[PDB]
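Student:
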Amino acid sequence: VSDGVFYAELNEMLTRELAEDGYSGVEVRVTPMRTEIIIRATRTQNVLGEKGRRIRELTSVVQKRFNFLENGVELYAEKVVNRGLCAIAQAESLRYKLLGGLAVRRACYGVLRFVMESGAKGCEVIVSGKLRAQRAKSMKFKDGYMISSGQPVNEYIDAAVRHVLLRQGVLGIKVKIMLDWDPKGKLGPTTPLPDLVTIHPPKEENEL
Amino acid sequence: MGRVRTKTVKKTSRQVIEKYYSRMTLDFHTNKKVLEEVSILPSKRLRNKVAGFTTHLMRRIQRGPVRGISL
Amino acid sequence: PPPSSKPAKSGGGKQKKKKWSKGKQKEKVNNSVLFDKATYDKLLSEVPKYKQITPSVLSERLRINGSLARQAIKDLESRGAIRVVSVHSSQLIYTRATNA
Amino acid sequence: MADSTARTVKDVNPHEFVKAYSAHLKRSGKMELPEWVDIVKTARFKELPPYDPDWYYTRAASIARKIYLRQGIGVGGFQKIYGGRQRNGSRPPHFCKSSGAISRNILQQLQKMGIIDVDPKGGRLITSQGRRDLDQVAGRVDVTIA
Amino acid sequence: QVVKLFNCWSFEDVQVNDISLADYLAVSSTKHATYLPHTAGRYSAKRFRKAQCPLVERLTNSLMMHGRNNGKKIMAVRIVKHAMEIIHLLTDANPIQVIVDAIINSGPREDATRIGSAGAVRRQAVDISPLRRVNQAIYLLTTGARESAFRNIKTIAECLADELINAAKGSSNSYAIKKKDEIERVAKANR
Amino acid sequence: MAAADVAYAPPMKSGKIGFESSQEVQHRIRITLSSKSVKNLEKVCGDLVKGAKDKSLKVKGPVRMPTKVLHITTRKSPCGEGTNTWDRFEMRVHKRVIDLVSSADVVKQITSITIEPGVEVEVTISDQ
Amino acid sequence: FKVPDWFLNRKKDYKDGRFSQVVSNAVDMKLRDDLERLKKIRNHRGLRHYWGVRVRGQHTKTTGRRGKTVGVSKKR
Amino acid sequence: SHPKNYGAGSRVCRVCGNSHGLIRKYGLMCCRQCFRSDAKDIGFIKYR
Amino acid sequence: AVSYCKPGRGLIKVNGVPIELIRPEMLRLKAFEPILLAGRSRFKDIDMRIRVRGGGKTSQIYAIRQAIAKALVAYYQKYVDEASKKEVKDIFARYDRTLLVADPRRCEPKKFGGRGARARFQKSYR
RNA sequence: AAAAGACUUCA
RNA sequence: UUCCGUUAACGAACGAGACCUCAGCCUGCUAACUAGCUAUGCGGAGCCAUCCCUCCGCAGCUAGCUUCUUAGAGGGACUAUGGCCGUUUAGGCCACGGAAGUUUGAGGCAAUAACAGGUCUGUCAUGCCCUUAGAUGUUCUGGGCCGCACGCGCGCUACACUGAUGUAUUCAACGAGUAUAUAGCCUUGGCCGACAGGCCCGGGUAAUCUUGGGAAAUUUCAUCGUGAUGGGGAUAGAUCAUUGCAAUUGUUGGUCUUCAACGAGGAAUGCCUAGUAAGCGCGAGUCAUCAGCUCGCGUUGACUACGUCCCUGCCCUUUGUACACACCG
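From first to last, the protein sequence lines stand for chains BD, BR, BZ, BT, BF, BU, BS, Bd and BQ. Position in the first sequence (first residue = 1) + 11 = the authors' numbering. Residue 2 in the authors' numbering sits at position 2 of the second sequence, and the numbers go up by one each step. Position in the third sequence (first residue = 1) + 8 = the authors' numbering. Residue 54 in the authors' numbering sits at position 54 of the fourth sequence, and the numbers go up by one each step. Position in the fifth sequence (first residue = 1) + 9 = the authors' numbering. Residue 83 in the authors' numbering sits at position 83 of the sixth sequence, and the numbers go up by one each step. Position in the seventh sequence (first residue = 1) + 76 = the authors' numbering. Position in the eighth sequence (first residue = 1) + 8 = the authors' numbering. Position in the ninth sequence (first residue = 1) + 23 = the authors' numbering.
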């Protein structure tokens with residue numbers, strides 16, 4: 012119970028640090044007396060950059076705030092094993108088009124124009140209302156499947172948020188993706204799974 | 001109430017019978033084993049549902065041709 | 009049970025007052041009128057004569073005295089074999105006419 | 001009766017055991033109240049001038065019976081069973097219970113008698129002598145129960 | 010065997026004079042009837058036979074509810090247990106027979122449901138499938154018993170018991186029998 | 001009848017302490033490996049691996065006793081501003097899974113910590 | 077039991093005499109006088125007694141048929 | 009420069025400036041709804 | 024020695040029964056059974072099957088039913104006693120079934136959701 | 001089936 | 001929109017069903033003194049006094065034990081089987097088996113799109129506007145929300161004897177104990193106190209200790225005798241403790257005293273179909289203190305319907321529309 016409170020506080024560290032943060036996601040595994048703390052980003056290069064000072068500024072602060080032992084910890088660069096599944100960059104890329112502009116509707120389409128490319132099977136990008144600074148009337152765009160809510164637990168759901176502050180109006184966002192299952196094979200689309208064998212002249216036949 | 005066959009059940013039930021037929025039987029218990037061989041269904045109740053429905057169909061086939069099942 | 013009147017602003021409704029007191033008892037039991045003759049001859053014997061066994065509580069209503077009045081009396085009589093008392097959790101019991 | 005003496009302590013209906021057993025406690029040299037009673041000893045009614053038939057001997061008897069079986073039970077265990085002392089809605093009030101001094105005082109008298117010894121953290125413990133006293137008396141009780 | 014039902018009364022000694030009533034008051038269960046507290050899916054089938062019956066089980070459950078507040082099954086069993094012996098000693102006859110006699114007498118043929126249709130409220134009567142007759146007779150008996158208890162020194166077991174014997178005799182002293190003929194009178198006349 | 005002089009007396013081993021000998025006679029065993037994870041599947045997997053280590057060591061120790069559920073269970077309609085229906089059921093089950101060993105050697109201690117199969121399972125080599 | 081007044085005689089009126097557990101007529105008589113004590117010192121409790129509004133922090137959100145006068149139609 | 013103090017009572021979180029508040033989560037119980045969606049409590053992992 | 028426990032189950036609370044077929048005692052909590060639940064129709068439920076059966080000396084039952092109120096206690100013991108003797112005797116197969124046994128209900132207390140005043144009885148308004 | 005009528009501006 | 005089938009439409013996706021979660025049945029599977037039960041002894045109690053019998057210990061050991069407990073993994077229901085009815089199908093009804101025949105029961109997900117619904121007072125999310133040292137900042141002190149002639153809602157407690165009082169019976173489940181400082185957060189045990197409470201030790205950041213959660217309804221033996229009753233516990237005053245520096249428009253609790261309306265509630269009106277109604281307690285949440293509250297949980301447990309759309313709301317057809325601001329037209 013008390014241990015559950017402790018776990019929640021550890022999660023809170025990730026929430027505060029990876030609030031805005033113009034990189035992409037952080038899974039953390041905790042090895043004995045050290046935190047691996049793994050950044051899963053394309054631009055994982057800038058945030059580290061090796062030796063300098065940069066890397067030490069990230070680590071140290073977290074330790075004095077919340078963990079155990081006057082010691083170092085660890086920080087790891089990672090690629091991304093599908094940018095779909097989870098990120099932060101997925102939302103931030105859309106934001107980085109709602110700068111200088113380009114049509115808001117066109118920018119929405121471009122995010123989907125990726126995602127399905129890296130598999131997905133369904134995607135829904137949904138961008139905040141108030142085009143031309145009118146009343147809110149959020150706009151969709153979707154191809155394929157896509158279950159955030161309804162079907163089983165293990166849909167593998169990307170969800171985020173962001174804001175874009177104009178002169179007249181906020182333009183929110185919430186990029187959403189329903190992708191594959193953890194890359195190794197373990198695909199299980201929508202919970203009941205049909206499957207047949209191939210052809211029945213038997214003495215050999217079996218499959219799944 | 002409750003106990004109507006779904007679309008997911010309807011598609012699968014025909015298919016299993018069609019290309020497993022000699023091995024398939026009227027017997028419920030053995031055809032539960034067959035569904036393990038032919039597919040992975042994640043929960044227990046799914047396996048029992050399909051197995052029961054297929055055996056009922058097997059009886060009908062051996063008493064007159066069934067509309068969407070051809071052997 | 010009867011229902012009630014109705015409210016008015018000030019007021020509150022009642023409607024029923026009860027039947028009203030009679031059978032004060034225990035005071036009357038101690039004094040000679042009920043201690044000597046009256047309970048034994050009139051009240052106690054006769055109701056079991058009508059229907060051979062009768063519960064105490066039905067007879068309490070007919071005679072219009074409380075139960076505790078005869079609580080002592082039943083014990084005295086039962087030893088004689090005049091009454092037959094029983095048991096119960098809610099203390100219910102019998103007045104009974106004769107054994108034989 | 002002699003055969004009965006051991007077994008009967010258990011298998012008899014507790015309520016009527018307490019009524020029988022309480023009479024035996026009248027025999028004892030103790031039953032010391034030292035004027036703790038006076039303000040309002042127990043729930044409502046039972047401040048203890050009525051205690052001689054109604055309250056006292058049956059209070060002692062119930063504690064004595066319970067400790068035999070349930071052994072290793074102290075003051076706080078006794079307080080709750082006799083008591084209510086459940087949180088009122090603030091509108092309810094009915095009785096207000098006591099029991100903390102009450103249980104302590106009677107248990108102390110039993111300790112002087114030699115019925116009870118004190119386990120140092122386990123609460124009050126029934127002695128060998130206490131068990132003898134309970135069981136020997138219970139022999140007599142068996143006759144009216146059965 | 011020494012079958013229970015309070016371990017004092019048999020129930021195959023009950024002869025049910027009305028043949029039609031006999032078929033819907035099951036006096037025998039799968040091994041024989043008894044009264045012991047239990048549970049019982051009685052569903053809500055209609056028309057045809059639709060439940061098994063124990064007379065005592067129906068009696069205790071109806072008493073627990075109607076004449077509102079407080080009561081329990083254990084509490085209701087206690088008053089029933091007391092009441093049956095009182096009845097038995099006042100009729101000098103098996104008390105199960107007495108209640109069966111009461112139910113048939115105090116069971117109206119017809120009802121007077123409130124149905125509003127067109128410009129008026131009609132009662133043309135509706136069914137009273139025989140378990141409903143059992144319940145209705147007891148319910149009327151209970152409200153009578155309750156009234157007496159409220160302002161007078163009489164325990165509810167005795168109040169109920171007196172009325173039960175009266176009902177099983179056609180005596181309008183009983184609350185239940187009086188009300189039985191009340192319903193029929195209005196229903197038939199205003200057809 | 002009579003005559004028992006007791007303690008433990010016929011020599012050692014209890015469900016409390018898995019007696020062993022050598023290491024200046026080992027009377028030290030009472031380690032608890034307590035597995036707290038987000039995901040139950042991972043937690044169960046960890047236990048299997050621990051059982052394997054025990055068998056390898058010298059003496060295979062007893063399997064998991066997985067103990068209790070601990071719940072902080074929250075339904076609050078977060079706000080409506082007058083809403084008294086349609087709250088949301090997010091309940092936290094949590095299990096602590098305790099594996100004891102027959103012998104907690106120095107060898108056992110070091111192998112358990114160094115290769116630990118926990119990804120999100122945090123399993124603790126833990127105090128007497 | 078007893079019940080005995082105490083303290084330095086200095087304080088003018090009242091005291092309390094120590095929670096009257098003498099009782100019979102004397103407590104009843106003093107009950108009326110006790111309200112007058114609060115009025116006399118000019119405590120807010122005494123002002124509430126003077127007004128006729130019940131003192132001891134009850135809800136008044138509604139209910140006040142008891143509180144100072146019976147149910148009279150509207151309000152203000 | 010400062011005066012007189014005494015004024016213990018209900019502390020209050022950083023996250024909420026609100027009289028009621030939570031020790032468990034370091035939140036409020038409207039803030040908690042966000043955390044409930046996130047899981048965040050151990051042995052819990054969404055979609056109930 | 025002799026102590027065989029066959030788990031009935033039926034309503035909340037579970038009775039672990041070591042039963043030796045021998046002398047005619049009934050116990051629960053090491054105290055005689057009809058006396059334990061004195062003045063009750065539910066005691067006669069337990070006593071039903073050692074009366075109606077024609078068998079008296081055929082069960083020395085020691086029963087311990089542990090941990091929840093006094094009211095529940097009667098029911099379980101009856102069922103176990105039938106089953107134990109049923110293993111031996113093939114003629115008292117029609118004894119367990121016909122004297123009625125085994126409902127867990129499967130509806131044992133249901134979930135309480137908001138809007139409920141109790142759990143399933145919604146509030147007086149709303 | 002006869003008890004069923006009204007109801008502001010931008011809109 | 002569950003399916004079949006007719007079939008100018010074919011084949012998909014979304015919602016739902018399914019699924020997921022949770023409650024059931026397994027001396028099965030796998031375990032466990034940080035959980036138990038047996039068996040064994042039994043120092044220990046009682047009795048025959050003698051083995052035995054019977055009781056007793058969250059240890060007196062053992063276990064080849066896992067029924068409960070605990071939690072992992074399974075199988076278990078598919079309305080199976082049989083018979084009726086039906087395009088003889090999808091199905092629905094019953095009998096039997098069965099723990100369960102009923103989407104397995106109970107929950108959660110519950111959409112596209114709509115609403116000028118509600119929230120700028122969750123958030124250093126936020127456009128615009130104002131304000132900004134004489135602050136609409138912030139901090140400190142004090143007061144407010146508690147104000148009451150009265151309308152309304154959720155509630156609480158009753159009207160009683162299916163009950164109050166007083167002994168007496170004495171049995172839990174879901175949860176939770178944050179360092180909180182010199183034992184302090186939960187508090188057993190010992191003293192002292194009528195009570196409320198105080199105090200001293202000790203265990204417990206916890207399957208272990210608190211907690212056999214020894215809880216209340218209920219259950220039993222009295223009292224009472226139908227009485228505004230000792231039911232009811234209002235309003236009031238005094239007094240003492242607890243928390244807070246401080247308790248007042250009485251924070252709360254108790255003691256003493258006061259001893260209300262209320263004698264079953266009208267016009268109306270909600271909710272409910274067997275672990276549900278009604279009665280009943282508890283833990284958690286807010287929290288220095290304050291719960292008639294909420295949210296879960298146990299416990300005691302039905303009468304009546306398993307039908308229909310009269311009342312009511314909405315869905316699919318056909319039909320009408322002068323409506324589309326959509327009948328508050």
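The beta carbon of each residue, even a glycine, is placed where N, CA and C say it ideally should be.
What residue from 73/BZ, 41/BZ, 56/BZ, 16/BZ has the CA that sits closest to residue 102/BZ's CA?
Tutor: If we check each option's Cα against that of residue 102/BZ, 56/BZ comes out closest.
Student: Who are the near neighbours of residue 76/BZ in its chain, counting only those whose CB is closer than 7 Å to its CB and skipping five residues on each side?
Tutor: Excluding positions up to five away in sequence, the list reads 33, 34.
Student: Assuming the contact rule is C-beta atoms closer than 8 Å, residue 138/BQ and residue 85/BU should be a hit. Round their C-beta distance to whole Å, please.
Tutor: Yes, they are in contact, since the Cβ atoms of residue 138/BQ and residue 85/BU sit about 4 Å apart, within 8 Å.
Student: Does the separation of the CB atoms of residue 55/BT and residue 46/BT fall below 8 Å?
Tutor: A contact, by the Cβ cut-off of 8 Å.
Student: Looking at residue 5/BT: is its Cβ nearer than 8 Å to the Cβ of residue 129/BT?
Tutor: Cβ distance not < 8 Å, so residue 5/BT and residue 129/BT don't count as in contact.
Student: With a threshold of 8 Å on Cβ separation, who are the neighbours of residue 48/BR within its own chain once the five nearest residues in sequence on each side are excluded?
Tutor: The answer, listed in chain order, is 32.
Student: The alpha helix (DSSP H) that contains residue 159/BT, what's its start and end?
Tutor: With chain BT represented from 1 up to 146, any question about residue 159/BT goes unanswered, as that position is not in the structure.
Student: Could you tell me whether the Cβ of residue 14/BZ comes closer than 8 Å to any Cβ of chain BS?
Tutor: So no, residue 14/BZ is outside the interface.
Student: To the nearest angstrom, how far is the alpha carbon of residue 236/BF from that of residue 11/BF?
Tutor: Since the displayed chain BF opens at 10 and closes at 200, residue 236/BF lies outside it and no answer follows.
Student: Could you check if residue 41/BR is buried or exposed, using at least 16 other CB atoms within 10 Å of its CB as the buried criterion?
Tutor: When all chains shown are included, residue 41/BR counts as buried.
Student: With residue 1/BU as the anchor, note down where its beta strand (DSSP E) starts and where it stops.
Tutor: It is not in any beta strand (DSSP E) - residue 1/BU carries neither H nor E in the DSSP assignment.
Student: Quick check on residue 170/BD: does DSSP put it in helix, strand or coil?
Tutor: Strand, per DSSP.
Student: Counting only Cβ-Cβ distances shorter than 7 Å, please list the residues of the segment 34-52 of chain BF near chain BQ, keeping chain order.
Tutor: Under the 7 Å Cβ criterion, the segment 34-52 of chain BF contributes 39, 40, 44, 45, 46, 48.
Student: Can you check whether the CB of residue 143/BS is closer than 8 Å to the CB of residue 129/BS?
Tutor: For residue 129/BS and residue 143/BS, yes; Cβs fall inside 8 Å.
Student: Please confirm if residue 16/BF has its CB atom under 8 Å from at least one CB of chain BQ.
Tutor: With 8 Å as the cut-off, residue 16/BF counts as an interface residue toward chain BQ.
Student: With a threshold of 8 Å on Cβ separation, who are the neighbours of residue 69/BD within its own chain once the five nearest residues in sequence on each side are excluded?
Tutor: Hits under 8 Å: 58, 86.
Student: In the segment 83-103 of chain BS, which residues sit with their C-beta less than 9 Å from some C-beta in chain BZ, listed in chain order?
Tutor: Going along the segment 83-103 of chain BS in chain order, one finds no residue with a Cβ nearer than 9 Å to chain BZ.
Student: Buried or exposed for residue 64/BF, going by 16 or more other Cβ atoms inside 10 Å?
Tutor: The residue is buried, with at least 16 neighbouring Cβ atoms inside 10 Å.
Student: How would you call residue 100/BQ, buried or exposed, if buried means at least 16 neighbouring beta carbons within 10 angstroms?
Tutor: Buried, since its Cβ has 16 or more Cβ neighbours within 10 Å.
Student: Measure the C-alpha to C-alpha separation of residue 42/Bd and residue 105/BT and round it to an integer number of angstroms.
Tutor: So the two alpha carbons sit approximately 57 Å from each other.
Student: Using 8 Å as the threshold, is the segment 188-200 of chain BD in touch with the segment 9-21 of chain BR, meaning 3 or more CB pairs across them?
Tutor: Short answer: they don't touch.
Student: Flag residue 193/BD as yes if its beta-carbon sits less than 8 Å from any beta-carbon of chain BU, otherwise no.
Tutor: Not one chain BU Cβ lies under 8 Å of residue 193/BD.
Student: Tell me whether the segment 97-104 of chain BF and the segment 49-58 of chain BF touch, counting them as touching only if at least three CB pairs, one residue from each stretch, are closer than 8 Å.
Tutor: Because the criterion of three Cβ pairs below 8 Å is not met, the segment 97-104 of chain BF and the segment 49-58 of chain BF do not touch.
Student: Where do the N-terminal and C-terminal ends of the alpha helix (DSSP H) with residue 100/BF fall, by residue?
Tutor: It spans 82-100 - the alpha helix (DSSP H) in which residue 100/BF sits, taken as one unbroken run.
Student: Three or more C-beta pairs under 8 Å: does that hold for the segment 139-148 of chain BD against the segment 86-101 of chain BD?
Tutor: Taking 8 Å as the limit for Cβ pairs, the verdict is that the segment 86-101 of chain BD does not touch the segment 139-148 of chain BD.
Student: Quick check: the Cα distance between residue 109/BF and residue 25/BF, rounded to an integer number of angstroms?
Tutor: Distance between the alpha carbons of residue 109/BF and residue 25/BF is about 7 Å.
Student: According to DSSP, is residue 77/BU helix, strand or coil?
Tutor: Residue 77/BU: coil per DSSP, three-state reduction.
Student: Consider the Cβ of residue 164/BF: report whether some Cβ of chain BZ lies at a distance smaller than 8 Å.
Tutor: Closer than 8 Å to some Cβ of chain BZ, the Cβ of residue 164/BF qualifies, so yes.
Student: Can you look up residue 168/BF in the DSSP assignment and give me helix, strand or coil?
Tutor: Residue state, collapsed to three classes: helix.
Student: What does the alpha-carbon distance come out to for the pair residue 174/BF and residue 104/BS?
Tutor: Each residue's Cα considered, the two are about 55 Å apart.
Student: Strictly under 8 Å for the Cβ-Cβ distance: is residue 146/BS near chain BZ by that measure?
Tutor: Residue 146/BS counts as touching chain BZ.
Student: For the segment 1-29 of chain BT, list every residue whose C-beta sits within 7 Å of some C-beta in chain BQ, in sequence order.
Tutor: Answer in chain order: 10, 11, 12, 13.
Student: Could you give the DSSP three-state label for residue 126/BS: helix, strand or coil?
Tutor: Of the three classes helix, strand and coil, the one that applies to residue 126/BS here is helix, per DSSP.
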